[PDB]
Every structure is written in C-alpha cells, then in structure tokens.
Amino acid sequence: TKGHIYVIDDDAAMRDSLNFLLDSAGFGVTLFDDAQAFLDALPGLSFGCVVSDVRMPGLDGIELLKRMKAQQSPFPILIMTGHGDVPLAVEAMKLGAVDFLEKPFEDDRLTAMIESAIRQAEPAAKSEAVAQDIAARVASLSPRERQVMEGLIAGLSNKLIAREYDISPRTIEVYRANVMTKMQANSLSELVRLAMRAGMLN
C-alpha cells in the first residue's frame, strides 16, 4: 500500500468522497466519524497521514495539533478547511500541521499533498524508532555498566568514575568497552549523543 490515511470528519459526504478518491489512488484508509474514536485508537495506530476537518467537534485543528504533539506522534497532519475558517487552519499550521486544503478542492491536489507530507515525515518516524531502540540498549546494561555510562556521559575521567562509583580504576576500560558495544557507540562523543536522545541528560 502507498501509505495509510486516517480521515477525521463529521460530514458523511466528506468521509465518502475521501475514502473514494484515496482508495482509487492506492492509499489505505480508516475513517473516524467521531473525535474520541480517533483518540481512543491513536496510541496503537501504525504510521500514516492524518486528514482532519478543521472544525471536527471536540477536536478542531488546534486541539488536534496539541494532542498529537502531547502524544508525540510523527504522523503528518493535513487540515481540511472551509474558506471562512482559513484563519483557524493557519493557527494549526503554526503548531506544526503540514498543509491545509480549502474546500472545494481537486483530488490530485490532495493526493499530491499526502505523498509530499508522508515523504517529509518519515525521517521523524525513523528517528522515534531509533530512540525506542536506544532506550532498549540502555535498559540492557548491567548496573555496573549503567554506572560507568552515567559517569562517562557526565564528563568524568577514568579516576573520577573510579572513586565516585568505587570501582577499581583498572576495570573502567572494560565496563566502558561493554557499554560501547551494548550502546553500539563508536566514541565517547557518540555515546553522549545517544544518551541525549535517550533523555539521560536534562
């Protein structure tokens, strides 16, 4: 499939149009006629592009952009607006929507817009996937390796790590080697970067 689209709109006419033009274009589709049906589903939705009514009851463009950011979703979001509501869509753009379409619109404008939005959002998809794995790599260290790693990324030398965590200075190099291989880090430098993505530096 060419991408999956989650459509949110209380107008059955719109849901039916979009389901048609998107299927006839090769995308998968899930329709939500109800705001909390979409929210209830969001934490186990796989990656896809959201196409939402800018004035969905309960979940307008601003409201949706805030809940998507709060749930830290990398799903790109397109906003469907009527001409009178474009000021509202603009506020959704300032909160990170990818684009908006004012109604009526041509189908190929929307499909083009969807392809582009999916292409632009896949780096942050892959990024959050990598942050997931990094967290798993951290979780897998032994408590002594977690100690050495905390030290290294805090900037401590071999001896300061050794007297802070009370470890023979002759074995730091060894827990460091184990940390590096389990973190798949090629240098202190990269180990600290991995730590930052993991949120162990704040």
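One-based numbering along the sequence shown.
Higher average CA B factor: 18-26, of the stretches 5-13 and 18-26. Per the PDB record, of the two stretches 32-40 and 54-62, 32-40 carries the greater mean B-factor over its C-alpha atoms. In the PDB entry, the Cα temperature factor peaks, among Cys49, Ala136, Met68, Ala177, at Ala136. Among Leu110, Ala125, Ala92, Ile77, the highest C-alpha B-factor in the deposited entry belongs to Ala125. Sort the chain's modelled residues by C-alpha temperature factor and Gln72 lands in the highest third, per the entry.
When all modelled residues of the chain are sorted by CA temperature factor, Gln132 is found within the highest third.
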